[PDB]
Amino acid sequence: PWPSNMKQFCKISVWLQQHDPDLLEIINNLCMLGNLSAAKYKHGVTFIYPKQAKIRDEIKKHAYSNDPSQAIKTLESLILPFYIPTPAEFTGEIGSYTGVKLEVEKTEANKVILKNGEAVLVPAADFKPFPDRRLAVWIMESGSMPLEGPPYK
């Protein structure tokens, strides 16, 4: 009824449960849940959620295929072992669980645009972590996250 969803999240999965459960089920079925989770010695986690259903559908198609490794690498490109809560923080030697270094083309107050795919990233308006949870969620509005390229140090 009136209390559908959570408004503050201690984990990114609770947020993803409320937006694309199927995507979360595939993240779990491919043993990638650990990648979403904040662990000590890891900087924190930032997740890139594809707004466009065509991109998410393609991950699903591949995840249920005879070669799901294509879904693993797309998924690895959407998860950053860094805490990147704002556009200002989206700089330096950072990248996804593919080792690829992300390069910012244009940076705006509430938007980041990336080289190598022209991904348009905006912070997810309804993802609010707890204080001292180092979690972030961005919506990818268009383009694609980089799959290949030179890595970060």
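Start at 1 and count along the sequence shown; that's the residue number.
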Higher average CA B factor in the deposited record is what I'm after, so tell me if that's 81-89 or 33-41. 33-41
With respect to the recorded C-alpha B factors, which stretch has the higher mean value, 140-148 or 11-19? 140-148
Checking the entry, which one of 53, 121, 124, 63 has the top C-alpha B factor? 53
When the modelled residues of the chain are sorted by Cα temperature factor, does residue 110 land in the lowest, middle or highest third? middle
Place residue 96 in the lowest, middle or highest third of its chain's C-alpha B-factors, as listed in the PDB entry. middle
